[PDB]
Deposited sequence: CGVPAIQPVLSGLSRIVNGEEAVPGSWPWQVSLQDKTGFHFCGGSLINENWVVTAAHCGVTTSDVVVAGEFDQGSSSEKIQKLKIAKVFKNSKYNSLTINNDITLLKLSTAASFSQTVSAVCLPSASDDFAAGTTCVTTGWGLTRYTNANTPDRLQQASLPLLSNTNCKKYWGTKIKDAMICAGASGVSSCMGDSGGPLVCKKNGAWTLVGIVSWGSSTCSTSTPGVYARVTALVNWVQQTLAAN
């Protein structure tokens, strides 16, 4: 997990404004969630051939579809896998008002076929420490909500929850983590999309997009479900299902 067969290329432009275009296939766990009509509404991350992790506030159902291996949503020519969802596992502690514990697991009806462009992100262990100031990466097609059709990426620093409260106040709970406010927007991340940090040669899922600045401000951080706080529930769910 966490080692793309196609290595990402992150330049200085990933750190400013709205980030930069990714190298195609270099974020191979990145998936798109589409409704039964093909409309992209959320992102997510493959954690193995049978399971995708996303945000609970995406409200995914078994009539939605996981699309893996995508780079350009406007291209009907690249190789992609449209994967049916067998069952949706929303974290029972999710609260649609506070948006806390904002994580859902999707079990696929048939396994994805892993390849150079389709593979899994690593999950952290519950006790992993991703320190404030660590440079992490968010990817997605989130800018299409407001424009490029190709997968974007941005490098942005993790904040401590205390400093994040300076921006978002009492909205910030223990099961959240913030990143950004460093001169780059967080808006390229789709709802439910990944925030990954590279530790020991492997990209690890540290956050899941929950919400960001309503104006995509470069000085307001994004807010993410804190995966370390929720990975024990992820593993219990996989083991029971």
Problem - Regions of the deposited sequence not represented in the model - result: 147-150
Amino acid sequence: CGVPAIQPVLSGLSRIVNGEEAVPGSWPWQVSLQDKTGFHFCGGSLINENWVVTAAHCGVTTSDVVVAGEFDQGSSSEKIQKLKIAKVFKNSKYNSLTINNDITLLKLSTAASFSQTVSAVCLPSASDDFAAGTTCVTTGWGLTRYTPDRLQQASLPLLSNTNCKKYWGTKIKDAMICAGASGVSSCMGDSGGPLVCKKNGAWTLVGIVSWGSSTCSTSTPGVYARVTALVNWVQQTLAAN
From here on, numbers count along this sequence of modelled residues.
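We call the rigid core whatever largest set of C-alpha positions still superposes within 1.5 Å between the two forms.
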Handout entry: 72-80 against 125-133 - segment lying farther from this form in 9 other deposited structures of this protein (CA RMS, rigid core fit)
Key = 72-80
Exercise for the section: Return whichever of 48-56 or 185-193 has the larger RMS Cα deviation from the displayed form in 9 other deposited structures of this protein, where every structure is aligned on the rigid core. Expected result: 185-193
Exercise for the section: Go through the other compared entries with residues on either side of residue 220 and state whether a third or more give it no coordinates. Expected result: no
Practice task
State whether residue 12, though modelled here, is left unmodelled in a third or more of the other entries compared.
Solution key: yes
Completion exercise
Once average C-alpha B-factors are taken from the entry for 135-143 and 69-77, the winner is 69-77
Problem - Stretch exceeding the other in mean C-alpha B-factor - 215-223, 19-27 - result: 215-223
Handout entry: Among 95, 152, 104, 119 - the residue whose C-alpha B-factor is largest in the record
Key = 95
Problem - Highest recorded Cα temperature factor - choice among 44, 59, 183, 207 - result: 183
Practice task
Would you mind ranking residue 99 by its C-alpha B-factor against the rest of the chain and naming the third, lowest, middle or highest?
Solution key: middle
Problem - Relative C-alpha B-factor of residue 111, binned into the chain's lowest, middle or highest third - result: highest
Fill in the blank from the handout: Chain thirds by Cα B factor, record data; residue 50 belongs to the middle
Fill in the blank from the handout: residue 240: CA temperature factor from the record, placed by chain third, in the highest
Handout entry: Chain-relative CA temperature factor third for residue 179
Key = middle
